[PDB]
Structure formats: C-alpha cells, structure tokens
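Next come the chains, spelled out residue by residue.
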Amino acid sequence: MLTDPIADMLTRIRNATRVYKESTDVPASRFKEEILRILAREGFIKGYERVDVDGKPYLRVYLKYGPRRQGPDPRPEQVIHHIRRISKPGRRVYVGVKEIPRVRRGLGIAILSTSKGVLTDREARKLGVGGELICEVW
Amino acid sequence: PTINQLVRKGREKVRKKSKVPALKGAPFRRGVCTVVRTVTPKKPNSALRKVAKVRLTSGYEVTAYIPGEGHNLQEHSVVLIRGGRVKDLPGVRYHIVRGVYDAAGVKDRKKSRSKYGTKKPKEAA
RNA sequence: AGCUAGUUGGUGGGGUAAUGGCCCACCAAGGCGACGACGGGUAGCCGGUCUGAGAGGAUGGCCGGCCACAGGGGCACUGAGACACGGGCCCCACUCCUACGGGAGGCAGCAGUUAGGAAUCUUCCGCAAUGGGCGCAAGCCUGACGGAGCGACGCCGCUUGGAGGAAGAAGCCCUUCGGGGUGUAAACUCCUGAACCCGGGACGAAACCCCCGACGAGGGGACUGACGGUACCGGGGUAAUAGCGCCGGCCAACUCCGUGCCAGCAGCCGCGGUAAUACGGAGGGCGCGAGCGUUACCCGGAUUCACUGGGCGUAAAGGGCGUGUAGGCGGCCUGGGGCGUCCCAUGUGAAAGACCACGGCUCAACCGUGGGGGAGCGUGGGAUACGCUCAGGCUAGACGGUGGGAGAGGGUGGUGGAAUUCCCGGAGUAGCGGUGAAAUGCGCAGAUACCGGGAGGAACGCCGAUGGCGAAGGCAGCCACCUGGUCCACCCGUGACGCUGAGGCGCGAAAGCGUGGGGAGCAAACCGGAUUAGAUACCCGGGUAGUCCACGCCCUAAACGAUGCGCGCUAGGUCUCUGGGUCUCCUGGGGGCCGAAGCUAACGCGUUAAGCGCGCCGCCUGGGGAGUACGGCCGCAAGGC
RNA sequence: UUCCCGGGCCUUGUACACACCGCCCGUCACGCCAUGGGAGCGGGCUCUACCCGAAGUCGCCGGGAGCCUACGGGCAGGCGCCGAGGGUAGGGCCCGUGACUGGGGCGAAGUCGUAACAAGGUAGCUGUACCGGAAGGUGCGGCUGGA
Ligand SMILES: [Mg+2]
Ligand SMILES: [Mg+2]
Ligand SMILES: [Mg+2]
Ligand SMILES: [Mg+2]
Ligand SMILES: [Mg+2]
Ligand SMILES: [Mg+2]
Ligand SMILES: [Mg+2]
Ligand SMILES: [Mg+2]
Ligand SMILES: [Mg+2]
Ligand SMILES: [Mg+2]
Ligand SMILES: [Mg+2]
Ligand SMILES: [Mg+2]
Ligand SMILES: [Mg+2]
Ligand SMILES: [Mg+2]
Ligand SMILES: [Mg+2]
Ligand SMILES: [Mg+2]
Ligand SMILES: [Mg+2]
Ligand SMILES: [Mg+2]
Ligand SMILES: [Mg+2]
Ligand SMILES: [Mg+2]
Ligand SMILES: [Mg+2]
Ligand SMILES: [Mg+2]
Ligand SMILES: [Mg+2]
Ligand SMILES: [Mg+2]
Ligand SMILES: [Mg+2]
Ligand SMILES: [Mg+2]
Ligand SMILES: [Mg+2]
Ligand SMILES: [Mg+2]
Ligand SMILES: [Mg+2]
Ligand SMILES: [Mg+2]
Ligand SMILES: [Mg+2]
Ligand SMILES: [Mg+2]
Ligand SMILES: [Mg+2]
Ligand SMILES: [Mg+2]
Ligand SMILES: [Mg+2]
Ligand SMILES: [Mg+2]
Ligand SMILES: [Mg+2]
Ligand SMILES: [Mg+2]
Ligand SMILES: [Mg+2]
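Below is a short write-up of the structure.

Remarks on the pairing of strand β3 (residues 61-65) of chain B
Residue and element names in this part refer to chain B. Among the five residues of β3, four are classified as buried, and the element is accordingly described as predominantly covered. Of the strand pairs in this sheet, strand β2 (residues 49-56) and β3 are connected by five bridges, and their pairing is antiparallel. Bridge assignment links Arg55 to a residue of β3, and that residue is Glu61.

Observations regarding a positive patch on the surface
Positive charge collects at one region of the surface, where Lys19, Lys42, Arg85, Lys87 and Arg93 of chain B lie side by side. Position of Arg93 of chain B among the secondary structure elements: in the loop between β4 (78-81) and β5 (96-97).

Looking at the sheet that holds strand β1 (residues 29-39) of chain B
Across the sheet, which stays open at both edges, the five strands sit in the order β3-β2-β1-β4-β5 (chain B) with antiparallel pairing between neighbours. Two strands bound the open sheet, and with one partner strand each, they are β3 and β5 of chain B.

With respect to the protein's contact with RNA strand C
Near RNA strand C there are 84 residues, and of these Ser113 of chain A together with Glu12, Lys16, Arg82 and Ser112 of chain B occur at the shortest range. Near-protein atoms of RNA strand C (within 4 Å) split between backbone and bases, with sugar and phosphate holding 74%. Within the backbone of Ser115 of chain A, an N or O atom sits 3.1 Å from a sugar or linking oxygen of RNA strand C. Contact between RNA strand C and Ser112 of chain B: a phosphate oxygen at 2.4 Å from a side-chain N or O atom of the residue. Among the secondary structure elements, those contributing two or more residues to the surface near RNA strand C are α1 (5-16), α2 (30-41) and β6 (109-114) of chain A together with α1 (3-9), β1 and β2 of chain B. Looking at the surface near RNA strand C residue by residue, the class counts come to 26 nonpolar, 24 polar and 34 charged.

Rules and cut-offs
- Residues numbered from 1 in each chain as written, not as in the entry; some residues may be left out.
- Chains lettered and ligands numbered in written order.
- Part of a larger assembly, values for the part shown.
- Heavy atoms only, no water.
- Buried < 20%, exposed > 50% of the residue type's maximum accessible area, 1.4 Å probe, protein only.
- Helix = DSSP H or I, 4+ residues; strand = E, 2+ residues; numbered from the N terminus.
- Pairing = 2+ DSSP bridges.
- Patch = residues over 30% accessible without salt bridge, like charges linked within 9 Å, V, L, I, M, F, W, Y side chains within 5 Å.
- Areas by Shrake-Rupley, 256 points an atom, 1.4 Å probe, with all protein chains shown as cover.
- Salt bridge = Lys/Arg side-chain N within 4 Å of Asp/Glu carboxyl O.
- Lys, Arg positive; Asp, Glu negative; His and termini not counted.
- Charge placed at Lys NZ, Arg CZ, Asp CG, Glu CD.
- Near = heavy atom within 4 Å.
- Polar contact = N/O pair within 3.5 Å; in protein donor to acceptor, adjacent residues only side chain to side chain.
- Nonpolar A, V, L, I, M, F, W, Y, C, P; charged D, E, K, R; others polar.

Spatial relationships are all this shows, so hold off on functional conclusions.
Pasting the structure below:
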C-alpha cells in the first residue's frame, strides 16, 4: 500500500540503474519532485518531466551512467553507486546543524528536509538549518 | 528485530558466571585441609596429581591442586587457596598457594621461584 | 498479574511556620495496573571515575553536592532550627560498680584494643596558617584543620657510575674440538661523585592589637611557626642496592644435560611413553626494572544482544493455521494551527574533574591562573519542507454494484455398483492356504474352485493428471438441499474506510479418552508356526481395542515449501489449469521446469525469490543436561503449554 | 559372468578418513560429582487477628486529697486513645537437611545384544498408542532429511 513513497522511489531508481534502462516511472509528489530536482542538479540523473500515464501523474526519471568500458563485463559504471533511505517511517532520523554526515568524505551527498525547503548537506550547513535526513546518495 | 520490537522487548545482557566461588571475590581464601591425596587425570594424560580438599573459611569444602614437586601438607594443615583450575583434574578449580601458611614452597626450585613459593638462594647468588 | 481500609474523592474540624487522608468525624464508591500495578531480590544517589573508535558498557573508593543513620526500636522536650552522634525519657541485648535496693555506659569523632578476614596506619605535634564558636577587646575552645610518623598501596622524579681497555684472562656453557659464547662485560687506568661530616638557614605572617586621623578612609609601629634546623644554599667528601617474568605456537628469546605418559607443565591448542627449543637444572637470550609476577573483579577484543552493528531454506531460529483487540505503521492535491522537528538570543548546566594554553614548586607527579564547547531542561522570537492535528478535495489503495466462470471448498439428507467376509441352496471332489523353502492353520463332519439367493459394514477402480479447491489441518462414486472462499469482464457506487497484529477467540492429520451405536476388511496388544546362537521382530496363520457414526474432550507432528503476512520495483524461454477480447494473438488469476541481473559459505533462489526496498508480528544467541525440574495454567487420563 | 575371491573405470550414497578389521546405540555392573522427588526435621523473612502494653503527645477530669507569684487559673495527680515491644494463633515465601528413590554427567582397555550411518542387511525420521532385558518392535498417520 506504499508505506514509504520516497524509499519506493529510491528503490525504483536503484533497480532501474542495475539493468541500464532509459527511464523508469514513479508517481508524482511535490516532495518527490523536489528530491528529484536535487538529484538532477548534482548530476545523478539527466532530469525529469511530469508525464501522464492513464490519467495518473508519474515522473520519467531519465538515468545517467558512465562510459562503456573494456574487458570482461563491458557494462558501464553507475553514476549512482549507492542510494538508500536514511530516515524511515518507523525509524525517524532528525539531525541538527552541527550533526550532519560527510558522505564519502565530502564526495557524496546527503539530502534532508528542513524549514528552508529540501536541501543538500552542503546547502543545509551553508544556510545553517538541519532537519529530517532523507537519504544519502553516491 | 524491528525498532518497535526492540522498544517493547529490549536487548538482554551477558551476565557472566563466576568460575571461582571464593565468596566476595576475595583474591585468596584460607581453609584447613581435610584430605591430602593423589588423583588420576582425565583421558588424554596420565599421572598421579596431588590435590587436597580444603575446609575454607567461606564454609565451603573444596578440592585444591598442590602444585610443584613435593609438598608438606597433612589433614590439619592450614593453607591459602588461590584460584585457577587444572584441566586434566575435574572438580579441582582452585590452586593452593605455596609459601603461604603451614604449606611451604618447593625446595631447590631455582628458576620460577616467584611462583611455587621458594626463597632466593643466597650463596653469593 | 492483579493490588487497594484512610483505600480514592468530598465536606467540616484537628494539626503544622505552612499545602496535603498528615490525623479525625460524616458522606460518596472510588483509586491503581501489561505504558508492568502489587510482590520478591538487590542497591545509598550525583558531579564524576574506568573502559571504549565511538555509540555503549561498567562503576559511585578519594574529593565536592544531596540523602539517610549514631548499639536495636520508639517518643517528645527545649529551640529560629533537632526528633538532637559526644542532650532527655522508656523497652530489649550487652558491659561495668554495688553495702543487692539501684546506679553507670553507647568510638559509623581522632588515635588505639579485640574479633572476623586475603587485607587496610600513629594511643604523634600544634593552634603559627585557614575555617568555626563565644567575646567590646584581651583571649579561650577547636583530633575541623595545618603538619609529621607507618605500608613500594598508587603515580612521578632520582641513584646503584662515566670514559677508556686484549683478535679478547680465569670461571662456566656449546663444539662438525679447529673454535664459538658470556664479552668492553669484568680485571685494570683515570674522571665525576649518591650517600655522609661541616656552616648558614627560611616563603608560608599579616592582620586581630597600638599611635595619628574620631576606635571610619588612610599612614606608621609592635607580637606571633607546629612543620623545624627541615627545605634550600655553600664547603668537604667515599664507586656506591638489583631484581622478577618468560623463551613450543598465540608471542620477542635456543642449545645442552637429566628424565622417560614418571616426576611434572598448563590460559587455549596441547606437551612428558629414550635422543624434549613445552618437564627439572645449567649456559645463553628476550621483556621490564624498584619493581616483577600471580590471584580476584570491570571494560575491551565480542560486529558472540548488533542504535551505529547480527541474523532465522539446509548451521541456533517463522508462530500449525486463520480471525481479530490493544499497539505499531500508512496513498495524491490544497490551506489553518505550529505539538513533533529546525533555527536565534536568553536562563540554567556549582566548584572540583577532563581538554586547550600560560605559569608554580630545580623536572615531573601535584598545584595555581585563564579559556573552550559540551549534552539535557526553562522562557521569549522566528521557519513550516517532512511527521501530527483540524478542514476542503482527489482517485491509483480498499470495499461495493451488474453480468458471469471453474472447483475432491464445507455441512446435512439420500442413493449406486464392483469387491471382501459370513449364512442358505445347488453342483462337485482330495486337497486348499501360505513361503525363500516350509510349517501353523483350514479340509471327506463335504474345504479350496463354480453357480444362484441373502445380510452387513467399509472405501469409491476407469475419469484421474507431474491436475483442481481451501487460511491451515485437509478434501475424490453420484444426487438434491443449505454454504463460504475465489477469478474475469464492465470502469458504473462510497471514497483513505489501509497493512500488520502482543493477549483474546475459532479451526486444527493421525493416534488417544468419555457415553452410546456399528463392526465386512484391516490390525497395536495377545496367542500360534517358522527363520535365528537367542526373536518379545522382519516372514506366515489367527486375533481384541482401534479404524466407521453421533455428541463431547484431547492441541501433538518432518502440522514441510523446514521459506509469516502486505505492497512496490527488477530479462525472459517454456508447460499446464481456468476467465475476457478486435479470441493468428493479446491480456488476467493460478499451478510447474529452465534460466537476465542480483543474492548465497556452498548447495540453490530467481516477478509462485532466498533479488532490490518499506511496515508489522514471531523467533534465534555454543553442544549436552532438556522440552527435563520447580512453580503456574489446562486436561477424565495420557499428557499439553 | 548369475554365484564365491580379487581387480579395473564410471556413477550414486555415507554420521567412515588410524578410512567397514570403520563407526555407532541402549539397558546392566563398580566408583565418583552435581541434582529432582521424599515420611518428615531445622531455620530466615514476611502477613493477618486478638491479648498484655512502658515512655510520651493529645483529649477529658483536677473531685469526699495536696501545692502555687495576681484563683470562673496553673502545676502535681487520676482516666482514656494511640503506642515501641512481648505473648498467643493461623497463613505465604525462601534456605538448609532427610531414610529411601528417579534421572543426569564423568571415569584409556567391564557384561549383553546390533538399533542408526551404504537399500546398514526390515529405508530412515516422526506425532501417538501398545509391548519388550536392552537398544528397540509393531499399529495408525505424516515427511524426503530414501529407493
Ligand atoms: Mg544497602
Ligand atoms: Mg566495539
Ligand atoms: Mg569512604
Ligand atoms: Mg561517640
Ligand atoms: Mg586474623
Ligand atoms: Mg586558628
Ligand atoms: Mg615570615
Ligand atoms: Mg618466535
Ligand atoms: Mg615453567
Ligand atoms: Mg619508577
Ligand atoms: Mg559490545
Ligand atoms: Mg540492527
Ligand atoms: Mg509455515
Ligand atoms: Mg488480519
Ligand atoms: Mg500521511
Ligand atoms: Mg515548535
Ligand atoms: Mg563544572
Ligand atoms: Mg480528508
Ligand atoms: Mg465509477
Ligand atoms: Mg485433533
Ligand atoms: Mg481419530
Ligand atoms: Mg472411542
Ligand atoms: Mg470407565
Ligand atoms: Mg486378519
Ligand atoms: Mg544369527
Ligand atoms: Mg499377522
Ligand atoms: Mg499451538
Ligand atoms: Mg518449526
Ligand atoms: Mg503465471
Ligand atoms: Mg513434549
Ligand atoms: Mg512438560
Ligand atoms: Mg579402463
Ligand atoms: Mg562406488
Ligand atoms: Mg532435596
Ligand atoms: Mg533397518
Ligand atoms: Mg511409530
Ligand atoms: Mg510386536
Ligand atoms: Mg508408515
Ligand atoms: Mg501433513
């Protein structure tokens, strides 16, 4: 019955990226739409659009991959190596401004929901807020 | 388990078991002997090891191994119990301290004389 | 797993500095509890301390804060304050003096004795300092305190010399006897020089006091040290304590002799039974050094209670299955609030401790100063993405309508034939049964085989399938009735009604039990006959409960897919069952095989997950003792949880 | 080429690997350790009812009986409630102990048999019921952890 729409979306993307697909569909939410915007600016995907499927609004999330490499298993590298929901609906995780993770020692991104909108780990500490730690992506 | 179950049911603790009941965890506990005898070891080894049943001041009567080569222990000897077991001897989980009380240490033991209670040879040495 | 008599609440009093069932009358029947009441066991609590990468775990000795005690127990008095450690009264235990009737005493204050124990100190000095009490002051009291004494109990600092020195003494150890080692080590040469003798010898001390100014501000003067002749400084000055653990692997350090599963070692693996780096010694070496080891306990390793950070198909572990209460969790759009949540300042977070500096004791331990943030909670202000709530609204979730579809789904009642056994009649004879082979047994008293008639019970061949239905156990001749689940189509209705589910409740194979029927075949037990060393078995002949029915119990299993349910996502090839269609083919549900990606220790799984995610429940934490013991609940009992 | 012995390759199964001259099971016997039940015995803690009940607060009285400094009063004293505690009585929990008895565990070489591991010589396991010196056997039903 879709307990967690956002972990559903992140798992949608996690399964789409393992079989190297053009895009996959996820039902639309104004909050999901913000999270996909943040994934888009950082270069984890190529963008999105409010498509319509059977009178029901989904979101085509166009995937981005690495270059075709050589040797056995020429399947490319992922742009998203690891994406997982941190704060669960049964396990709420709330962080202040001084307690924010360093995702892959700066190389990754933490996405988290604050009173100043949906932000990243760098943007949250720039603005100085902290909030519900949505997910870590790299 | 789930976080809700861990809230409801919690996590248990190890709660160690005392391998030496020397009563208050005393490092040592004195008792008079009652029997000074020789016992045979377990399956893999073979000897006649020297043990003693000791009527502790804990109110316990326990066996105790008599280390070193040779002893001076009798039925009415007073002796200090140490702790630590002999694996080939079942029922012996505690050691006698030598050089403490009526029990004396090994004579002519000249290497590891901090153990087995032997005094320094003072022979320009 | 239930507790509750002042018990819960009220009214009016008593009482207190003061609220309050704190106590008392009268009234009402409440109060608490799985969010763990009540009860049992244990424990003084904290700042802090130990450990840890941290999250955590452990702990509360010194010191500071709080509490509670003062031989056991109770009570008041005085008083601002006590239920009063060195004040009072009473009861008991104990001790001491008694002229025997009635007195005295309370070291959990500083020392100290005794008992216990593995174990824990001086019946020291002084009010010079600080602090407390009384006092106008002088001063007096101060076992608070300042110090000293004892114990390597701990930490820190220092010494037992330094530099020279033989192709390398003696001793002793090993030797492939030539040599190698201890070893610059020592002997020996100088130089410095702990300890000890000698003189000086304090910081901690300046006030209280006195004079002036008025016993104010201010200036000046006087007395006073326990520690202690000690620290420290100067002069002189003698080479001057070293030990303990280990040397198989973890783990750094190897040979020789003795020994022979003996004596012995031991933390685990394990060594010792003739050539032992594992025992005993020696030589040598390694690790430390006024210590070194051992024991006992705490954290660590232990990510073996996993919040970080574990799992459950086969290793420990999915509840037998459903239903469902509490609880946990929950779709898309729009606003109100601003509880969760975030931010800002502010209040608090005592000191001490820890960290960062800078200093003080010749260094350090120790100590002083300054500084920095913690975390938690109060108040005020703000933010509204997510969670919550209130409200409006949506349809993908869910349920419902209409039209249908398959089925061993369930209960009741009825019925058909095949077969078995028995009874009757006919006909018919000398053997039939049975085994590996036999025997028991049945048979001339007319068997087995054949026919005809009759009774009775149980189970449904072919269909029938590696097939179907159900939540599970499970369900199979046919018929009728009553009845649940379920799948498809059409996108018509309500519209978030959702998922899971501790207890509860219901179903629950076989076997077993109770009461009453029925009993053809089969068949525990039991009896025979063989097989066998012996057979309480396997093989054969009989054969009772039971298997069948009704009603009531019983709750077990390899109740197995050894895989809980719900939803979302991630190649397909193929077989089969049942629906719909523009039925060549597509699509939906269901049952199978193979296999993308991915997962697994492998075996294997693979949209009928063991993949990738989320929600909820159950369970696991070495083998045995053990599903045993005790307690509890249930059962007629067996026994069950 | 069935059968007896030995050998060769493949494949299947194994709980064997000193390798089937293997391993393994349960009574029985001796010894020892911990332990359950047990006529009872001995304590500890606790609860309930009643009896006696000191000191002492409080409440009366303070009168045929005292004392007082201001007496329609105070003190002494008497009575009462509560009361530490002692006594009696019956329960609850816990601990030690008990003739005897049940099972468990250990003890290098004890007696009896062959249960399981290979189709273990009757496939095994299992719930249950009955039976047997012992493992175990058989009945009914289920499982693949077998053919
Ligand atoms: Mg206590
Ligand atoms: Mg750790
Ligand atoms: Mg103390
Ligand atoms: Mg005193
Ligand atoms: Mg003593
Ligand atoms: Mg003073
Ligand atoms: Mg001075
Ligand atoms: Mg080594
Ligand atoms: Mg040794
Ligand atoms: Mg030192
Ligand atoms: Mg841990
Ligand atoms: Mg976890
Ligand atoms: Mg199951
Ligand atoms: Mg349900
Ligand atoms: Mg919601
Ligand atoms: Mg707020
Ligand atoms: Mg502080
Ligand atoms: Mg609404
Ligand atoms: Mg409609
Ligand atoms: Mg049943
Ligand atoms: Mg039955
Ligand atoms: Mg019956
Ligand atoms: Mg009867
Ligand atoms: Mg028969
Ligand atoms: Mg035989
Ligand atoms: Mg038979
Ligand atoms: Mg059950
Ligand atoms: Mg199970
Ligand atoms: Mg299908
Ligand atoms: Mg059982
Ligand atoms: Mg039981
Ligand atoms: Mg060949
Ligand atoms: Mg073979
Ligand atoms: Mg007993
Ligand atoms: Mg067999
Ligand atoms: Mg059986
Ligand atoms: Mg039988
Ligand atoms: Mg069977
Ligand atoms: Mg079954």
